[PDB]
């Protein structure tokens, strides 16, 4: 069934740069269980770190719960992303991960994986780079939350999704918003009605076409202009 040797996201997931034998060795330890249902949690905050989770297909959201019980989303993960890097420093998950649609996950036992990386230097370096890239994306999200207005925040979110789907071999132009608009506003710090009005405006300028949960980008230059700008003085 599911194996890394026959995976289209291998170049963006954990087996990147591994040759055939290294790839066989890596794939042996990975486990594929029943599909993750929508709303099902991969782990809860405080759970013992057992395995990392790669996303064969679907959408995952990472979030924490404030002292007052409010959910705050910290990341959306697409196919090829690895979830659970924040759990290594203390062998315990400090966050929640929840599927937003029916999703296939690859469970990678962390201690066995780390034992393997001590024997496969390419895998070690790829793990390093993936953690570094998560750090980089978190820094970019910090800049988004600090310097971008509502228009710029939503544009950056949409451009980021477009480029990631394009990296995963999908259409760079049309893609589905698998997360609710409430979750988008939670992640960007906006209201749902603010998101709806911004989408209306984006469609009015013909930059986007919105049809249900499907987004069509018609002017990537204008979208990237709004996404790479921080023009809000405040």
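Numbering follows the first chain given and starts at 1.
*Asks:* Which has higher Cα B-factors on average according to the PDB entry: 25 to 33 or 58 to 66?
*Replies:* Higher of the two, by average CA B-factor, is 25 to 33.
*Asks:* Mean C-alpha B-factor higher for 10 to 18, or for 214 to 222?
*Replies:* If you average the C-alpha B-factors of 10 to 18 and of 214 to 222, the larger mean comes out for 10 to 18.
*Asks:* Please pick out which of 158, 83, 100, 112 has the largest Cα B-factor as recorded in the entry.
*Replies:* The record points to 112.
*Asks:* Looking at 117, 74, 139, 95, which has the highest Cα B-factor in the entry?
*Replies:* In the PDB entry, the greatest C-alpha B-factor among 117, 74, 139, 95 is found at 117.
*Asks:* Mind checking which third residue 202 falls in for C-alpha B-factor across the chain?
*Replies:* Middle third.
*Asks:* By the record's CA B-factor, is residue 45 among the lowest, middle or highest third of residues in the chain?
*Replies:* It belongs to the middle third of the chain when residues are ordered by C-alpha B-factor.
*Asks:* According to the PDB entry, is the CA B factor of residue 107 in the bottom, middle or top third of its chain, that is, lowest, middle or highest?
*Replies:* Highest third.
*Asks:* Can you work out whether the C-alpha temperature factor of residue 168 puts it in the lowest, middle or highest third of the chain?
*Replies:* According to the entry, residue 168 has a C-alpha B-factor in the chain's highest third.
*Asks:* Within this chain's modelled residues, let me know which third the CA B factor of residue 122 belongs to: lowest, middle or highest.
*Replies:* For residue 122, the deposited C-alpha B-factor lands in the highest third.
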